[PDB]
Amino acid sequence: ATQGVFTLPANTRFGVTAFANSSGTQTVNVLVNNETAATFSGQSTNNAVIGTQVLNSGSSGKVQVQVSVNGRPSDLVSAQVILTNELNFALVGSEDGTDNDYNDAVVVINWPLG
């Protein structure tokens, strides 16, 4: 199944933050309605924040997270969770190798903001 794709409410500001846990340099691209809106890159085996940014979901609300390492797409896992019918997390893990820890880049999207 497709992973890393989320439909947010339209025209909503959201946070996106990426952490790294891999010897490979992670590149995280965040697309809004299929256009790149943010790109983070970095390397850590200790959960360092490689980027954090506030974006806008636009008219469609479609947000996609893509992760690659040296140009090769990582395998993604994702889900969205809503607490008290208000607080939203869109969660992504990614795997660049064979150990299947799925933490090589971890991406968290949260809304609402403010």
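The numbering used is simple: start at 1 and walk along the sequence shown.
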Tell me which stretch, 81 to 89 or 25 to 33, has the higher mean Cα B-factor listed in the entry. 25 to 33
For the chain shown, is the CA B-factor of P9 in the lowest, middle or highest third of its modelled residues? middle
Tell me, lowest, middle or highest third: where does the Cα B factor of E95 rank within its chain? middle
Can you tell me which third, lowest, middle or highest, the CA B-factor of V69 falls into for its chain? middle
Ranking every modelled residue in this chain by its Cα temperature factor as given in the entry, which third contains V54? middle
